[PDB]
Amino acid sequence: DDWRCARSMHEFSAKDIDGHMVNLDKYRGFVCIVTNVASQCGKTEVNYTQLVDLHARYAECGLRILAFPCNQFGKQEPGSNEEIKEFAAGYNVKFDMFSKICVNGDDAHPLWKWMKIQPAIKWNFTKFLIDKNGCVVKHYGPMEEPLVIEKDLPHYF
């Protein structure tokens, strides 16, 4: 209910994949890619490998990546948080993995409810670009490989 009144990602919290409560105002001052992920998707490999490459190249510029597992799209994230974390480790992920959520419907995580009304998530690996103030500045559909985002990043760093 309160989620509708927010003006920034930084007003939200979320549990990371280890169960730790994360205040997302820890991302104030950083440019973030927020994405819903899945391990059993036809585009799992290209998305994970390109997000890892983006993080390796741009973390020192202030890029952060927040990955939210979601089983709502073809049941393509059926495992536990522990299994999903092991899976992401296999792609060398050192960005931020969160606990599995819903992104659509009444049960959607409040951050995702909020992002979607900024001026339904269609499938796995939708991406939002978040500026240093926590505002949504762009979104990218499931068919947009993460490298599509690269040209947009330098103007928000």
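All residue numbers refer to positions in the sequence shown, first residue = 1.
According to the PDB entry, the deposited sequence contains 4 to 9 residues between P119 and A120 that lack coordinates.
Higher mean CA temperature factor, per the PDB entry, when comparing 65-73 with 87-95: 87-95. Between the stretches 54-62 and 28-36, it is 54-62 that shows the larger average CA temperature factor. Of all the options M21, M9, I149, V137, the entry's greatest CA B-factor is assigned to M21. In the PDB entry, a CA B factor belonging to the lowest third of its chain's modelled residues is recorded for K113. The deposited CA B-factor of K127 belongs to the lowest third of values across its chain.
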